[PDB]
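Have a look at the structure below before the remarks.
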Amino acid sequence: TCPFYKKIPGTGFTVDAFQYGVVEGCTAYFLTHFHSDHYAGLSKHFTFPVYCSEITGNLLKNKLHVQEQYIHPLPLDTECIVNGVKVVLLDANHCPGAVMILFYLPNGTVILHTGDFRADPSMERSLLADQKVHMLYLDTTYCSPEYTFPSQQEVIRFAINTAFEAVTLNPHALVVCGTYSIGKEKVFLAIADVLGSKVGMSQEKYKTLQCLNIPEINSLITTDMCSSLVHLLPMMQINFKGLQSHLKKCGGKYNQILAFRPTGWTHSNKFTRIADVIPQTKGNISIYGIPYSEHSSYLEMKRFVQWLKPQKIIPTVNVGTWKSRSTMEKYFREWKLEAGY
Ligand code: NI
């Protein structure tokens, strides 16, 4: 059964609630983004209205075969009426097509559901600036002060400089980047751009990328692995055994692998700066774990909430243990006392 924190009071709406069968009283199902923990349950046999971004709707149609007549794509930054309720979709700074949803309830209450997001000051100048929000349904993935990580720009600088150095020293080195879902495309696209290569990948992953409206993409990606020196592999194959096996398949074109695993946070964040990151190495194979996050750090989250000043916060992540819930509630109270709302 659907949990309370996926239901929008005063409406017929749910958010990211496709794995519960027919939800009692639900007239429209919203989907914030195309990640499996959120879309779990959708298929060609779904016959209720799904409301989402254009990019998310491309992925539903092409990857899950949802029928077109039930996909309702909405433009961003635009007031729309859904089953008699005004809604706005805003960029979530997560993966491609990911949104936050503003609901303007018939009684005057305004609710923001962040979906999954990486808070940024640029959000303080969207349509959020223009009215008060009463309730916030918050992505609390990294809601603890130990969670610090660098900007995306510093992480990409590190990756480009690392790859360009390695391949310029050894033109027979292959670069490999791990993936298991959409998101974090800048990692492999920025590396291919500095090297003058396309990114090579499976037909299934090329298909997924072609649903994303990324400009000039036919220019950056390919299924011809032989023409590419940046390859994308499943995240599970980014280990010494999996990479040795891949290098065998390349027929003596290459004699070294430099591989990247974009994780979110790992505890080596509490001690080491991005500048100081080193790989794990075995023979002619090196593997870099890089802290490329598409969720808010603790400080970015705190700043957003202290700017927004909601009356009530409903966490959507880490809600299954009493220790996590108590921790989060304690930080929400601190933020409110420090800022004065
Ligand atoms: Ni996500």
Side-chain angles (χ1 to χ4, degrees), residues 1-23 25-43 45-53 56 59-60 64 66 70 72 82-83 85 87-90 92 94-95 97-107 109-119 133-144 147 181 183 264 294-296 298 301 304-305 308 310-311 313-333 335:
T1 64
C2 188
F4 70 103
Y5 65 79
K6 301 182 174 272
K7 290 182 191 185
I8 306 299
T11 69
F13 304 152
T14 61
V15 180
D16 302 344
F18 299 91
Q19 63 171 290
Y20 302 104
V22 181
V23 180
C26 186
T27 61
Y29 291 74
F30 284 79
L31 180 62
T32 62
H33 68 294
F34 195 78
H35 281 165
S36 63
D37 276 356
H38 302 259
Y39 68 70
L42 277 159
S43 70
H45 310 292
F46 202 82
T47 54
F48 292 97
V50 180
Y51 286 86
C52 59
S53 70
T56 299
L59 293 159
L60 289 183
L64 301 182
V66 177
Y70 302 112
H72 299 257
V82 177
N83 298 358
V85 181
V87 309
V88 173
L89 303 189
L90 305 165
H94 186 54
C95 64
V99 302
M100 316 192 288
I101 312 161
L102 255 191
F103 300 95
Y104 292 81
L105 264 48
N107 73 357
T109 298
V110 179
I111 293 171
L112 176 60
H113 194 302
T114 63
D116 282 346
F117 84 142
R118 187 160 183 180
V133 174
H134 301 81
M135 314 184 72
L136 179 61
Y137 285 67
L138 179 61
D139 167 15
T140 44
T141 302
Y142 293 124
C143 190
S144 191
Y147 301 113
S181 59
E294 293 184 336
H295 295 274
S296 314
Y298 172 87
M301 192 190 301
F304 180 80
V305 177
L308 191 73
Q311 299 183 349
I313 304 172
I314 300 160
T316 63
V317 187
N318 306 305
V319 302
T321 78
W322 299 113
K323 187 161 163 222
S324 294
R325 281 195 159 285
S326 179
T327 296
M328 296 182 293
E329 287 179 351
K330 289 173 31 262
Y331 291 125
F332 306 148
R333 185 58 62 190
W335 302 350

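All residue numbers refer to positions in the sequence shown, counting from 1. Note that these values count all heavy atoms, side chains included, but never hydrogens, waters or copies made by symmetry.
Applying side-chain contact (heavy atoms from CB on, under 4.5 Å) to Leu31 and the options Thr14, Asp16, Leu59, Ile101 leaves one that passes, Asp16. The one candidate from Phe117, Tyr147, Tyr298 that meets the ring-ring contact (aromatic ring centres under 6.0 Å, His included) condition with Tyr142 is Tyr147. Checked options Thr140, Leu136, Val305; the residue passing with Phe332 is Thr140 (criterion: side-chain contact (heavy atoms from CB on, under 4.5 Å)).
Rounded to the nearest 0.5 angstrom, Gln19 CD and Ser36 OG are separated by 10.5 Å. Separating the NE2 atom in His72 from the CG atom in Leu60 is a distance of 11.5 Å, to the nearest 0.5 Å. Note that CG of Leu112 is 13.0 Å distant from NE2 of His134, once rounded to the nearest 0.5 Å.
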List the steps and the verdict of side-chain contact (heavy atoms from CB on, under 4.5 Å) for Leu89 and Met100. CA-CA 6 Å; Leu89 303 189; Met100 316 192 288; over 6 Å; no
Can you list the steps and then say if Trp335 with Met301 is a side-chain contact (heavy atoms from CB on, under 4.5 Å)? CA-CA 10 Å; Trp335 302 350; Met301 192 190 301; 4.0 Å; yes
Given the rule in the side-chain contact (heavy atoms from CB on, under 4.5 Å) test, do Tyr51 and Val87 qualify, once you have shown the distances and angles that lead to the verdict? CA-CA 11 Å; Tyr51 286 86; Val87 309; over 6 Å; no
Would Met135 and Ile314 count as a side-chain contact (heavy atoms from CB on, under 4.5 Å) if you check the C-alpha gap in whole Å, the side-chain angles of each, and the deciding distance to 0.1 Å? CA-CA 8 Å; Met135 314 184 72; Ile314 300 160; 3.5 Å; yes
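You'll find the side chain of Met328 reaches within 4.5 Å of the side chain of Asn318, heavy atoms only. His38 is listed as a side-chain neighbour of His33, based on a closest heavy-atom distance under 4.5 Å. With contacts defined as side-chain heavy-atom distances shorter than 4.5 Å, the pair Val319/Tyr5 qualifies. In this structure, the side chains of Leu138 and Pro315 stay at 4.5 Å or more apart for every pair of heavy atoms. Using a 4.5 Å heavy-atom cutoff, the side chains of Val66 and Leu42 are in contact.
Closest approach of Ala119 to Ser296, counting heavy atoms only: N-OG, 3.0 Å. Contact detail for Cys95 and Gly183: the closest heavy-atom pair is CB-CA, 3.7 Å. The two residues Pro9 and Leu105 come nearest to each other via the heavy atoms O-CD2, 3.2 Å. Closest approach of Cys2 to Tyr20, counting heavy atoms only: N-CD2, 3.6 Å.
Taking the centre of each ring, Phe30 and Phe103 come in below the 6.0 Å mark. Residues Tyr29 and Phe18 bring their aromatic ring centres within 6.0 Å. For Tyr70 and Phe48, the ring centers sit 6.0 Å or farther from each other.
Of the possible donor and acceptor atoms, none in the side chain of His35 sits under 3.5 Å from a partner among the backbone N and O of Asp37. Between the side chain of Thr56 and the main chain of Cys52, no donor-acceptor pair closer than 3.5 Å is present. Put simply, the side chain of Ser53 gets close to the backbone of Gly97: a donor and an acceptor are under 3.5 Å apart. Using a distance-only test at 3.5 Å, with no hydrogens or angles considered, a donor-acceptor pair links the side chain of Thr11 to the main chain of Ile8.
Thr316 and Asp139 share no donor-acceptor pair across their side chains, judged by distance under 3.5 Å alone.
Atom NZ of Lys330 has more than 12 neighbouring heavy atoms from other residues, nucleotides or ligands inside a 6.0 Å radius.
Taking the six-membered ring where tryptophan is involved, the planes of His295 and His94 are tilted, since the angle between them lies from 30° to 60°.
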